[PDB]
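Below: the structure, in structure tokens.
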Amino acid sequence: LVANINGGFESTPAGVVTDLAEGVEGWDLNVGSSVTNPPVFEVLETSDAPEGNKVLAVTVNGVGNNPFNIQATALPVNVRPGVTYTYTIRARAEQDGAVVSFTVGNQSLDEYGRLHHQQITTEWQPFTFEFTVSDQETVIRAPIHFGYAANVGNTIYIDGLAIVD
Ligand SMILES: O[C@@H]1[C@@H](O)[C@H](O[C@@H]2CO[C@@H](O[C@@H]3CO[C@@H](O[C@@H]4CO[C@@H](O)[C@H](O)[C@H]4O)[C@H](O)[C@H]3O)[C@H](O)[C@H]2O)OC[C@H]1O
Ligand SMILES: [Ca+2]
Ligand SMILES: [Ca+2]
């Protein structure tokens with residue numbers, strides 16, 4: 001049981017994602033206009049996948065002004081007021097030196113919590129944290145920020161987002 005939808009990209013056909021807002025069920029991908037060299041978002045079928053058969057790959061070619069100018073946001077995330085949740089996701093990168101922040105917030109852009117400038121390695125690792133829905137929201141969001149300068153020239157892979165009571 002999880003709060004989010006399509007946490008492992010298994011719903012989505014393999015291929016480059018061109019419809020960023022609606023091409024991946026359960027997710028909203030977004031690239032801001034300050035990112036002059038846009039990234040490539042791809043759902044990959046690979047036996048490397050920690051969950052199922054598929055992962056999301058984000059190839060970063062350039063950045064903008066804020067880390068969220070390249071982001072993948074899980075939406076909707078169905079929760080209950082006052083409840084504490086565990087967030088877990090798996091991530092790795094093509095090259096050394098990647099940086100990602102894993103966040104959760106409300107539709108008002110208020111963050112309930114995050115894992116900040118996580119050090120992503122060339123091997124799959126789990127990244128986990130707890131957060132509490134400290135207000136009266138029931139439908140929240142989980143933005144992952146990839147727009148760090150250190151990621152230029154890298155591909156970041158994510159899989160198996162699970163937000164659990
Ligand atoms: O989808 C996008 C949303 O993600 C975005 O939300 C804003 C994201 O930035 C937020 O502010 C961040 C909060 O984290 C600060 O870093 C802290 C440093 O200390 C660490 O201990 C702690 O874990 C970190 O949280 C960072 O300085 C600051 O910039 C902001 O509050 C959110 O509103 O909004 C735009 C959406 O498109
Ligand atoms: Ca998967
Ligand atoms: Ca969407």
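Going through the structure tokens in order, the chains are called A, B, and so on, while each chain numbers its residues from 1 and the ligands are numbered from 1 in the order shown.
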Within 7 Å of ligand 2, counting only C-alpha atoms and all ligand atoms, which protein or nucleic acid residues do you find, written as a ChimeraX atom specification?
/A:8-10,49-55,159-160
Could you pull out the strand (DSSP E or B) residues of range 57-147 of chain A, going by DSSP on the backbone, and write them as a ChimeraX atom specification?
/A:57-60,70-78,84-93,98-105,111-120,125-132,139-145
Expected file contents, prior selection, C-alpha atoms, as a PDB file, in the first residue's frame:
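Saved as selection-v1.pdb:
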```pdb
ATOM      1  CA  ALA A  57      16.286   8.259 -16.444  1.00  0.00           C
ATOM      2  CA  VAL A  58      16.953  12.010 -16.333  1.00  0.00           C
ATOM      3  CA  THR A  59      19.844  13.145 -18.532  1.00  0.00           C
ATOM      4  CA  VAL A  60      20.987  16.603 -17.486  1.00  0.00           C
ATOM      5  CA  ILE A  70      14.451  20.320 -13.505  1.00  0.00           C
ATOM      6  CA  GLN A  71      12.034  18.206 -11.489  1.00  0.00           C
ATOM      7  CA  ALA A  72       9.943  15.069 -11.384  1.00  0.00           C
ATOM      8  CA  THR A  73       6.987  15.402  -9.004  1.00  0.00           C
ATOM      9  CA  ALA A  74       4.828  12.504  -7.833  1.00  0.00           C
ATOM     10  CA  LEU A  75       1.209  13.729  -7.990  1.00  0.00           C
ATOM     11  CA  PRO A  76      -1.335  12.992  -6.590  1.00  0.00           C
ATOM     12  CA  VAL A  77      -0.025  11.657  -3.281  1.00  0.00           C
ATOM     13  CA  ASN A  78      -3.046  10.655  -1.194  1.00  0.00           C
ATOM     14  CA  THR A  84       3.470  10.296   9.558  1.00  0.00           C
ATOM     15  CA  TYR A  85       4.758   8.646   6.376  1.00  0.00           C
ATOM     16  CA  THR A  86       7.958   6.953   5.316  1.00  0.00           C
ATOM     17  CA  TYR A  87       9.368   7.968   1.960  1.00  0.00           C
ATOM     18  CA  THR A  88      11.673   5.579   0.180  1.00  0.00           C
ATOM     19  CA  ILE A  89      13.126   5.729  -3.346  1.00  0.00           C
ATOM     20  CA  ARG A  90      16.055   4.136  -5.146  1.00  0.00           C
ATOM     21  CA  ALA A  91      18.551   6.167  -7.152  1.00  0.00           C
ATOM     22  CA  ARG A  92      21.871   5.865  -8.978  1.00  0.00           C
ATOM     23  CA  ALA A  93      23.764   7.786 -11.673  1.00  0.00           C
ATOM     24  CA  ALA A  98      25.376  13.529  -8.847  1.00  0.00           C
ATOM     25  CA  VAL A  99      23.279  15.513  -6.393  1.00  0.00           C
ATOM     26  CA  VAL A 100      19.502  15.187  -5.921  1.00  0.00           C
ATOM     27  CA  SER A 101      17.027  16.502  -3.398  1.00  0.00           C
ATOM     28  CA  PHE A 102      13.997  14.367  -2.593  1.00  0.00           C
ATOM     29  CA  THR A 103      11.127  16.447  -1.232  1.00  0.00           C
ATOM     30  CA  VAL A 104       7.461  16.309  -0.282  1.00  0.00           C
ATOM     31  CA  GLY A 105       5.112  19.263   0.043  1.00  0.00           C
ATOM     32  CA  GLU A 111       7.482  21.458   2.203  1.00  0.00           C
ATOM     33  CA  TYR A 112       6.836  18.930   4.902  1.00  0.00           C
ATOM     34  CA  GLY A 113      10.344  17.509   4.608  1.00  0.00           C
ATOM     35  CA  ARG A 114      13.202  16.527   2.370  1.00  0.00           C
ATOM     36  CA  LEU A 115      16.448  14.708   1.861  1.00  0.00           C
ATOM     37  CA  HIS A 116      18.792  17.552   0.938  1.00  0.00           C
ATOM     38  CA  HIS A 117      21.716  17.376  -1.582  1.00  0.00           C
ATOM     39  CA  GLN A 118      21.838  13.606  -1.487  1.00  0.00           C
ATOM     40  CA  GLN A 119      25.005  12.146  -2.905  1.00  0.00           C
ATOM     41  CA  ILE A 120      23.993   9.828  -5.686  1.00  0.00           C
ATOM     42  CA  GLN A 125      20.973   2.952  -3.136  1.00  0.00           C
ATOM     43  CA  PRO A 126      17.801   3.532  -1.146  1.00  0.00           C
ATOM     44  CA  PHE A 127      17.101   7.067   0.101  1.00  0.00           C
ATOM     45  CA  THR A 128      14.535   7.279   2.904  1.00  0.00           C
ATOM     46  CA  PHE A 129      13.090   9.811   5.312  1.00  0.00           C
ATOM     47  CA  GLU A 130       9.944  10.386   7.401  1.00  0.00           C
ATOM     48  CA  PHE A 131       7.591  13.289   7.192  1.00  0.00           C
ATOM     49  CA  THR A 132       4.327  14.310   8.874  1.00  0.00           C
ATOM     50  CA  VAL A 139      -3.670  15.416  -1.699  1.00  0.00           C
ATOM     51  CA  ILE A 140       0.007  16.378  -1.703  1.00  0.00           C
ATOM     52  CA  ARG A 141       2.984  16.149  -4.037  1.00  0.00           C
ATOM     53  CA  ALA A 142       6.539  14.821  -4.009  1.00  0.00           C
ATOM     54  CA  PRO A 143       8.984  16.974  -6.044  1.00  0.00           C
ATOM     55  CA  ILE A 144      12.400  15.494  -6.857  1.00  0.00           C
ATOM     56  CA  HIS A 145      14.898  18.208  -7.829  1.00  0.00           C
TER      57      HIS A 145
END
```
Determine, counting only C-alpha atoms, which protein, DNA and RNA residues have an atom within 7 Å of an atom of residue 81 in chain A; residues of the same chain fewer than 3 positions away are not included. Present the result as JSON, numbers by chain.
{"A": [133, 134, 135, 136, 137, 138]}
Residues of chain A that approach ligand 3 to 6 Å or less, counting only C-alpha atoms and all ligand atoms: could you list each one with the shortest pair of atoms and its distance in Å to one decimal, rows by chain and increasing residue number, as a tab-separated table?
```
residue	atom	partner	partner_atom_place_in_ligand_line	distance
A:21	CA	ligand 3	1 (Ca)	4.7
A:22	CA	ligand 3	1 (Ca)	4.0
A:25	CA	ligand 3	1 (Ca)	5.9
A:26	CA	ligand 3	1 (Ca)	5.7
A:27	CA	ligand 3	1 (Ca)	4.5
A:28	CA	ligand 3	1 (Ca)	4.0
```
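The smallest atom-to-atom distance between residue 163 in chain A and any of A:38, A:83, A:110, A:66, using only C-alpha atoms, is found for A:83.
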Find the spatial neighbours of residue 23 in chain A, counting only C-alpha atoms, within a cut-off of 12 Å - ignore same-chain residues fewer than 3 positions away - and output them as a ChimeraX atom specification.
/A:6,9,11-20,26-30,41-43,72
So what do you get for atom 18 (C, counted along the ligand's line) of ligand 1 versus CA of residue 69 in chain A, distance-wise?
17.5 Å
